[PDB]
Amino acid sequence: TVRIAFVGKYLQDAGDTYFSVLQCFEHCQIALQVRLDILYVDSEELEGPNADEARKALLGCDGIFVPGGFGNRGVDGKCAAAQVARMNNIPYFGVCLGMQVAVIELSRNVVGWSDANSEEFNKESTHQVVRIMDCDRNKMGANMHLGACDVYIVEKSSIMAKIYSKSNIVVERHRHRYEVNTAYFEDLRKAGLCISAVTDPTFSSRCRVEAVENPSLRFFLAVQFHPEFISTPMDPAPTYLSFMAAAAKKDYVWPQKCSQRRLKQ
């Protein structure tokens, strides 16, 4: 079996929040022919004086996964999940909040900005590594990014390039508001992060980070988009599929061309 730490809430209080995520995991399970054993971990147990107790549980997993979530609850714990993954070379996959915590984690623990956060969780941080873009904001609020958008894979040696069968542009679906702060790209790069996919291949102030990786590690990938929004039993989301492959310690034959479900029509 393949042990994946699912860092968020217990089954009892998750409701139907992870329905589509778990569907996608099931698609991957079938395509790889592996017995998935998800450990549902309460993210709040990964913070505070006793958190080493919870960290030890993550160290026994084959993979560590951080999905999208709501509110600021367990943000520090999700950051700590990304830290364990980065420091122990345990495959990591983050989706939307999962990417943001990878960025925050790295900013605190490698870049050395102890107060690094998203603008969402600490308005008074002097290192808002995740923030609302100026073009998305006004005095009363900001855009809620939904729907499809072109994703430019800009690193040819990346996990993204490989799992999307070397397509330069793919189309994924979104539900987010805050983006990686463009002013800190060099700092993140110096700390080992590879910006592998973006909305704008020129890297302007309007460049929205769609995927980050850590190529020093076997598998560390996190995406802004929600790959579970495009996944079927016969065409599983490549991001989830590659994560589960890595956790299972298995290879996979990627098609010669990216599926039409994730290409521009």
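In case it trips you up, residue 1 is the first one in the sequence shown, and so on.
- In this entry, the higher average B-factor at the C-alpha atoms falls on 72-80, of the pair 111-119 and 72-80.
- With 148-156 and 177-185 compared on mean CA B-factor from the PDB entry, the stretch scoring higher is 148-156.
- The PDB entry assigns its highest CA temperature factor, among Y40, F203, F65, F229, to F203.
- Comparing C-alpha B-factors across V198, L58, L32, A237 in the deposited entry, the largest value falls on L32.
- In the deposited entry, the Cα temperature factor of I163 sits in the bottom third of values across the chain's modelled residues.
- Placement of the Cα temperature factor of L22 within the chain: middle third of the modelled residues, per the deposited record.
- In the PDB entry, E210 places in the lowest third of its chain by CA B-factor.
- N138: CA B factor lies in the highest third for its chain, per the PDB record.
- Per the PDB record, residue ranking by Cα B-factor puts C28 in the middle third of the chain.
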